[PDB]
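Read the structure below first, then the notes.
2 protein chains.
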Amino acid sequence: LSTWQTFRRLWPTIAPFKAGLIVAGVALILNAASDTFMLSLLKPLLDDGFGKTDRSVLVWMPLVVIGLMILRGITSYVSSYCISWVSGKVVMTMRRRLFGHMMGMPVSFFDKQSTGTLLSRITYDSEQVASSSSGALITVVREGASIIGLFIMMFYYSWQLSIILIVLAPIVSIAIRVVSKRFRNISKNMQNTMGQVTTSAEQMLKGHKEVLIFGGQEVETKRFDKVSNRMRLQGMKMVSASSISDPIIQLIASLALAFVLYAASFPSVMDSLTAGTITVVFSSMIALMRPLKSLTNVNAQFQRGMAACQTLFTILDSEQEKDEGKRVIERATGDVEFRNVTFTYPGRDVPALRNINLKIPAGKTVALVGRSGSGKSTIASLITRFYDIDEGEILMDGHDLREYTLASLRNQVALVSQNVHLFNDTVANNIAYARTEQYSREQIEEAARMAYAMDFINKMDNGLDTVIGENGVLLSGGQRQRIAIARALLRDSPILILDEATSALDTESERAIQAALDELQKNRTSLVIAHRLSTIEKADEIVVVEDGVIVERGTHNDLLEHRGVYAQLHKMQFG
Amino acid sequence: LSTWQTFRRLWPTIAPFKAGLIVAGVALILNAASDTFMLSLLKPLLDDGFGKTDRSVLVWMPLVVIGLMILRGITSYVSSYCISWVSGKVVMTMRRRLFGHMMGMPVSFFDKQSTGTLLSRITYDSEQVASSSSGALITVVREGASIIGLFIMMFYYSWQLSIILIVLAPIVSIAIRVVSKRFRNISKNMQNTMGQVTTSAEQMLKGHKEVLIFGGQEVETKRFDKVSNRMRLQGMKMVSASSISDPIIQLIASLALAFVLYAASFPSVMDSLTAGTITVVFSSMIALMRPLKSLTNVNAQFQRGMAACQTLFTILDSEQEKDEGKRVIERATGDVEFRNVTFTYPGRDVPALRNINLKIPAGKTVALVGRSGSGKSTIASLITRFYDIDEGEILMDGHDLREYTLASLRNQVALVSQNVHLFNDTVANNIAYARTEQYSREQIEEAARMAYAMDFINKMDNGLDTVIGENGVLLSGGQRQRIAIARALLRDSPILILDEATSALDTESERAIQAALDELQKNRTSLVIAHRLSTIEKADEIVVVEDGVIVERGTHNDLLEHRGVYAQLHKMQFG
Numbered sequence: 007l008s009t010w011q012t013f014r015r016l017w018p019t020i021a022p023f024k025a026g027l028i029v030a031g032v033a034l035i036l037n038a039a040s041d042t043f044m045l046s047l048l049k050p051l052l053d054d055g056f057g058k059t060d061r062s063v064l065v066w067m068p069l070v071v072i073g074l075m076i077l078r079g080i081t082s083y084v085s086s087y088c089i090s091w092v093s094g095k096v097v098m099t100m101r102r103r104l105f106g107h108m109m110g111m112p113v114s115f116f117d118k119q120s121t122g123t124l125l126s127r128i129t130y131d132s133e134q135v136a137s138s139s140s141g142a143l144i145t146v147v148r149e150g151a152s153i154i155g156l157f158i159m160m161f162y163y164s165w166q167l168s169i170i171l172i173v174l175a176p177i178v179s180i181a182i183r184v185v186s187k188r189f190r191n192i193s194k195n196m197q198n199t200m201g202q203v204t205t206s207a208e209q210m211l212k213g214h215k216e217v218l219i220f221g222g223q224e225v226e227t228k229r230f231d232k233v234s235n236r237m238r239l240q241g242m243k244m245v246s247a248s249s250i251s252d253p254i255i256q257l258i259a260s261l262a263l264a265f266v267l268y269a270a271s272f273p274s275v276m277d278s279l280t281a282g283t284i285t286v287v288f289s290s291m292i293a294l295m296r297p298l299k300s301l302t303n304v305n306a307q308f309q310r311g312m313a314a315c316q317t318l319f320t321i322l323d324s325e326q327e328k329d330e331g332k333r334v335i336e337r338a339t340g341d342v343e344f345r346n347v348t349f350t351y352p353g354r355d356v357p358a359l360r361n362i363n364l365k366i367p368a369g370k371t372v373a374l375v376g377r378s379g380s381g382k383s384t385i386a387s388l389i390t391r392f393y394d395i396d397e398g399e400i401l402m403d404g405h406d407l408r409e410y411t412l413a414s415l416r417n418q419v420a421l422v423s424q425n426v427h428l429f430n431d432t433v434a435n436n437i438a439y440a441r442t443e444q445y446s447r448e449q450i451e452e453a454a455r456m457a458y459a460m461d462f463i464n465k466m467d468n469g470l471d472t473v474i475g476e477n478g479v480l481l482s483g484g485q486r487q488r489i490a491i492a493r494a495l496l497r498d499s500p501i502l503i504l505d506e507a508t509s510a511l512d513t514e515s516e517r518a519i520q521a522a523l524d525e526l527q528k529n530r531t532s533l534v535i536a537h538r539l540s541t542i543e544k545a546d547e548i549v550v551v552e553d554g555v556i557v558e559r560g561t562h563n564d565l566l567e568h569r570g571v572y573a574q575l576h577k578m579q580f581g
Numbered sequence: 007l008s009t010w011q012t013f014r015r016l017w018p019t020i021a022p023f024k025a026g027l028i029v030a031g032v033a034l035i036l037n038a039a040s041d042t043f044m045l046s047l048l049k050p051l052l053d054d055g056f057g058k059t060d061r062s063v064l065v066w067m068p069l070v071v072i073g074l075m076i077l078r079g080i081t082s083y084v085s086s087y088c089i090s091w092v093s094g095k096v097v098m099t100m101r102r103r104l105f106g107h108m109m110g111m112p113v114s115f116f117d118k119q120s121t122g123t124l125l126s127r128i129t130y131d132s133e134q135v136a137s138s139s140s141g142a143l144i145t146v147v148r149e150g151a152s153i154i155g156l157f158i159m160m161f162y163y164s165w166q167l168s169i170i171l172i173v174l175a176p177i178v179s180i181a182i183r184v185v186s187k188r189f190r191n192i193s194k195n196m197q198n199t200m201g202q203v204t205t206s207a208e209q210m211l212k213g214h215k216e217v218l219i220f221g222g223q224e225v226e227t228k229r230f231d232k233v234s235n236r237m238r239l240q241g242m243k244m245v246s247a248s249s250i251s252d253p254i255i256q257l258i259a260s261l262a263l264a265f266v267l268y269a270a271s272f273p274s275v276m277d278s279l280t281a282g283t284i285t286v287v288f289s290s291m292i293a294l295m296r297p298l299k300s301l302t303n304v305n306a307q308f309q310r311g312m313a314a315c316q317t318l319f320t321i322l323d324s325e326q327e328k329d330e331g332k333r334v335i336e337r338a339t340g341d342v343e344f345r346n347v348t349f350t351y352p353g354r355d356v357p358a359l360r361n362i363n364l365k366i367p368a369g370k371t372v373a374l375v376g377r378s379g380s381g382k383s384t385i386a387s388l389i390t391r392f393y394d395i396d397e398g399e400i401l402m403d404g405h406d407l408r409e410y411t412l413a414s415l416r417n418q419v420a421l422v423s424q425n426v427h428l429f430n431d432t433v434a435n436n437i438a439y440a441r442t443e444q445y446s447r448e449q450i451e452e453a454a455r456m457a458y459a460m461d462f463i464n465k466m467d468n469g470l471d472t473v474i475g476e477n478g479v480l481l482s483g484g485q486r487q488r489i490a491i492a493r494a495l496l497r498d499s500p501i502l503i504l505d506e507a508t509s510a511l512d513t514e515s516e517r518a519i520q521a522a523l524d525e526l527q528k529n530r531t532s533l534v535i536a537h538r539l540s541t542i543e544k545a546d547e548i549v550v551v552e553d554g555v556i557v558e559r560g561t562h563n564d565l566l567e568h569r570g571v572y573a574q575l576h577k578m579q580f581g
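Read top to bottom, the protein sequences are chains B and A.
If you count by the entry's author numbering, then the first sequence holds residues 7 to 581, one letter each, in order.
If you count by the entry's author numbering, then the second sequence holds residues 7 to 581, one letter each, in order.
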């Protein structure tokens, strides 16, 4: 199949750690050699052993046995440890490479695939790939060495009886296979007619309300007598077949053993047999049953592992987000404009946004209001180039978003909302995702105090150094919004996409939050998602977007006077 | 437990077939003895065998082996066949006894328990009881003889090494148990924190929409680096524990073997050791591992089998229908009457029938009108003493039904309806469930012709002798009703409970069936379930029963003039 090509592609990853693989292979070969050597040691125990009067062989035997098993234990430990070190580092590189290609690929991918199956791919699938490939290698080495050693021993001790056994075994195998097959076919052929004999006995017990009326009790008893005798005869026939099944295979095995003994009886083969030798042959052959029965199967599962690895490579060679365009800007003035923009979510028709025209000057704020959908969050994401418009043009300071570099454009915008991800780190580090060294502690605390964050920093230990709990357990929703504001004030941003929709209108310290917001949206473009009435009144230009098209434009008082969609949304307070 | 009491109760059933049990026991003991004797034969092939120059013991060995396995095959076949004959006859008697106790018990039981589970009890449960008990006996005999033979052989060949082995083995077993237990607990203790190490790395991939805005890709890369390194170290500890699990077991088994060899090294023991002897000892131990591992378990399952048999005894020792009262009459005149009868279905409150007064004289027919329920079919049931009134009195020719003997009262009534059970037998036999010899072929064909049954019976082969197919496939619904009418005409009945509700008004030959009905209900009391308009007009007295009480009484014209419930039922034609 194509699994070997996947292994060829994967080999460079395992290449730097070949030393561990070599050590593990040597340890496994020593393990198989120790086991085979013990089975060889079975000979001096029996032949030049008990029967002879020499006590040396019986007095140094325990030491040899315990030494060989000490070697087996040590080599098993070393092999397992080294193979798992190699597996650990291979998983290490594979996991670290997926994550490097998983935080550059566009948001559409995580929209398609949920985070749960993604974590499954990162952890469980990589672990399964490593475990399956490592197990395949472990078996192919150890069991391969074991079968080679056992064949060498069997051919070395006696070259005639070994060939006899090797020739004879497959014949016995195929014979017992054929016998068992035909017997279970007969068994099922009788099962199919028991299936109907049961419903043959079904149809008298439904007629109780009929027998008693006409007094046919004895007739029904006799009918059951006859049917029951028929049933017993059928069961006896089944059991006769099932009982003749097993003695046949037992007898053919016995006949094979008898033929082996008869062949050993012949002088041409009798000469090179001396008591315990046959044991070291026979026992060895018995041992040879276990590795082989595994060996083949293991090779098969190897392919399975590589197949799963192919899936990872599919993620590993996917398409990252396009970074076309090289225009770097620092602290843009802010001239956000949408002209005839039409956007459809990748993979979905019915454009959420179509032919909109939205001009937001610097400093002046636009409150963009609409229903729960209306593409408001689509506008928010579209400003930050998370997605790309199919048609239309977005002009930023006289240039297109696609024209601009992704990094600088993404850095310039600032997104503040109630639902902001608080990563597990210090509050000082949560103030600035990156460039933490750029902003000293005094700047961080000044920004926190300006956004009124400093109040809840000192409510816990270590102040600014307070580590954020797992999934932000330490901070609550209002404090989450506040730390988002502090993040915004720390890094001045020409363009701010405020999202008051998720902001709690029933929480505490709302006056402080609103004041911090007011200080935040000073002398900078503010594309505010309009949910609360207060934000709209203080805003400069109020724009209503519904069904992907603009429906009302103008100031808040003017829109209220227009008595259009804006007035209707004002009636229930925009939700 | 109480299972042995069930076995004591069941023993009389198996008592007549003790010869088969004895033969099977002898055969099984011979089987175990043959196997043990082969393992004993393992000695001469090895001690005064290959090593010696006397090849005679090598040339008569195959003959003895093949003879022993011929004996094993023959004795296995004989044991299986005899134990299966005994099981078949025990199942035969148990099944024939349930059906003798299952066809006298009140109809309320089949109302409670469906026919499917009843058939399951008859067939599947009895088969399981027999199979489990027979398997327990077979194992307790064969494996018991095998372990006794192995022990006596081992003690006979060498009495020191045997005791040493039988003392050392349990210590090794318990040590392995303890080691494996503690290591598995360590493994699960590591699993519990795998669970959280996964979710620690869960909370990084949900921020893809946050990392890109602030340009913290490198910081996230470093964080994943550290978290992934922690994961790999935890996996290292995982593998360390999992890999130290098994070699301890292997080493302790090796130490046990070394101690056995050292004990053999002492000169106080050698005298009872001669090469192959130890094999016949050691191999015996290996063989002795298999019976014991089964023996104990089998005893347990024996109880299970007996438990199931107890359930059957519960059905076998339940309560039959009460035959209290000894009054046998033949061809009663028919003066059936219900006075203040109140009946509740056994196990249900809300009396389906309460304080009814219903007098039906000889010859004159009454029609019971009502809704789909109203207890009309229930009234039909009470007449046939299928159920019994809790309160009230049902008088037949001046005597109570309970006063009356069950056999004669049940025989006197005749139930004719569309849904009549057609048992698989000849048409001639289906016309007379019992007393088929009482009615000659001439009488049977005359009755069939009177009820117009001759038209359809001659439409098939063998005429009168045509056997009814499985579940009456040969006869259709109209012909089913017609053959029921033939049955009724064959045995004259003073009281006839006709059920025209199930009769079809969309079938063919409706004139013929109506004419046959008219001939059938002459000069005999006819409690007709009123569903068809034609029947009631021809009927003498029309009584409407609803909600368990009589609501309208009188002739059909009078009831129509009354404009009560009867007129309303006339409007939609009584259904």
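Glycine residues also receive a C-beta, built at the ideal position from the N, C-alpha and C atoms.
- Taking the CA atoms as reference points, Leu-279/B sits about 19 Å from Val-173/B.
- In the DSSP assignment, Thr-348/A falls within the beta strand (DSSP E) that extends over 343-349.
- When C-alpha distances from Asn-435/B are compared across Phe-392/B, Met-402/B and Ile-489/B, the shortest belongs to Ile-489/B.
- Within the stretch 236-294 of chain A, no run of alpha helix (DSSP H) at least 4 residues long lies entirely inside it.
- Annotation: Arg-238/B to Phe-230/B spans about 12 Å, alpha carbon to alpha carbon.
- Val-479/A sits in coil when the DSSP states are folded into three classes, being neither helix nor strand.
- Contact between the stretch 250-258 of chain A and the stretch 76-95 of chain B is present: 3 or more CB-CB pairs across the two stretches fall below 8 Å.
- By DSSP's assignment, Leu-359/B forms a beta bridge with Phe-349/B.
- Contact of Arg-102/A with chain B is assigned, a C-beta pair being separated by under 8 Å.
- Chain-ordered, the chain A residues with CB closer than 8 Å to the CB of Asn-430/B read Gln-209.
- Closest by C-alpha distance to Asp-524/B, out of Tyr-163/B, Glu-506/B and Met-244/B, is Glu-506/B.
- For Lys-194/A, the three-state secondary structure derived from DSSP is helix.
- Counting along the chain, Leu-523/A sits inside the alpha helix (DSSP H) bounded by residues 516-526.
- With contacts defined as CB atoms closer than 8 Å, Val-287/A and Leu-156/A fail to qualify as a contacting pair.
- Secondary structure at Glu-443/A: coil, using DSSP grouped into helix, strand and coil.
- The stretch 492-507 of chain A makes contact with the stretch 525-537 of chain A: 3 or more CB pairs, one atom from each, lie closer than 8 Å.
- Per the Cβ contact rule, the stretch 422-433 of chain B is in contact with the stretch 465-484 of chain B (3 or more Cβ pairs under 8 Å).
- Assigned with DSSP and collapsed to three states, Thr-531/B falls in strand.
- Non-local C-beta neighbours of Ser-139/A in its own chain, meaning closer than 6 Å and more than five positions away in sequence, comprise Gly-311, ordered along the chain.
- DSSP links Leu-374/A through a beta bridge to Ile-535/A and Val-549/A.
- In this structure, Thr-411/A places its C-beta atom within 8 Å of the C-beta atom of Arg-333/A.
- Taking a C-beta distance under 8 Å as the contact criterion, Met-159/A and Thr-42/A qualify as a contact pair.
- According to DSSP, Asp-406/A shares a beta bridge with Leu-401/A.
- Taking the beta carbon of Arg-416/B as reference, the chain A residues within 7 Å of it are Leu-218, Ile-219 and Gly-221, listed in sequence order.
- Under the criterion of beta carbons closer than 8 Å, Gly-55/B and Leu-64/B qualify as touching, at roughly 7 Å.
- In the DSSP assignment, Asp-131/B is bridged to no other residue.
- Residue burial annotation: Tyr-163/B is buried, with at least 16 other C-beta atoms found within 10 angstroms of its C-beta.
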